[PDB]
Amino acid sequence: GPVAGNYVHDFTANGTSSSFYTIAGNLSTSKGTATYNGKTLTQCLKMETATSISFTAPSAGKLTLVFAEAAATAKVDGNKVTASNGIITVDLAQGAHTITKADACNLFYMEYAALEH
């Protein structure tokens, strides 16, 4: 399709390490699992008061966030968004973005799908 780049972060495989995402927070394996595209994920980023994930979208596109909790929440650029079946999707413009805590929940996977300009 017209997606140019998919920037992915798997918290089980890679913890808090990323060149694209700047992740400030704490990992856990005590918060259950998330099942996503046939993968069972076990290590999450806890969504805590001081937690933040920053990135610069190189073009407009779609952010996907996968949690353990069916009705998980987060703030994206200070706006609360709620999951459907454990998945938050948010459409974003080019530029700097930040994910922070809304209510308690636990983040296992994220992807940013950037459109081809």
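Counting of residues begins from 1 for each chain and follows its sequence as written, which need not mirror the entry numbering; any residue without coordinates is not displayed. Where side-chain values are given, they derive from all heavy atoms of the structure, hydrogens and water being excluded.

**Q** Explain the overall build of the protein chain to me, using residue names and the numbers behind them.
**A** Numbering goes from the N terminus for both helices and strands, where a helix is a DSSP run of H or I of at least four residues and a strand is a run of E of at least two. What the protein chain contains, in helices and strands, is one helix and 13 strands. Starting at the N terminus, the α and β elements of the protein chain follow one another as β-α-β-β-β-β-β-β-β-β-β-β-β-β. Counting only C-alpha atoms, the protein chain reaches 40 × 30 × 25 Å along its principal axes. Between buried and exposed lies partly exposed: a residue is buried under 20% and exposed over 50% of the maximum accessible area for its type, with that area taken using a 1.4 Å probe on protein chains only. Residue burial in the protein chain is summarised as follows: out of 117 residues, 43% are buried. Note on definitions: a residue-residue contact is assigned when non-hydrogen atoms from the two residues lie within 4.5 Å. A separation of at least 24 residues holds for 67% of the contacts in the protein chain among residues at least 6 apart in sequence. Only four residue types enter the tally: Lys and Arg on the positive side, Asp and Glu on the negative side; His and the chain ends are excluded. Throughout, a charge is located at the NZ atom of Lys, the CZ atom of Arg, the CG atom of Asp or the CD atom of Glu. For the protein chain, the distance from the average site of its 7 positive side-chain charges to the average site of its 8 negative ones is 8 Å.

**Q** Explain the pattern of salt bridges to me, using residue names and the numbers behind them.
**A** Throughout this description, the term salt bridge denotes a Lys or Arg side-chain nitrogen within 4 Å of a carboxyl oxygen of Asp or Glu. A complete count under the given rule lists two salt bridges for this structure. Across the salt bridge formed by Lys46 and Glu48, the nearest N and O atoms sit 3.9 Å from each other. Under the relative-accessibility criterion, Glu48 is labelled partly exposed at 27%. For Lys80, the salt bridge identified is with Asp103, shortest N-O distance 3.3 Å. Of this pair, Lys80 sits in strand β10 (residues 79–82) while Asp103 sits in the loop between β12 (95–100) and β13 (106–115), and the two are 23 residues apart along the sequence.

Bear in mind that shape data such as this cannot, by itself, settle questions of function.
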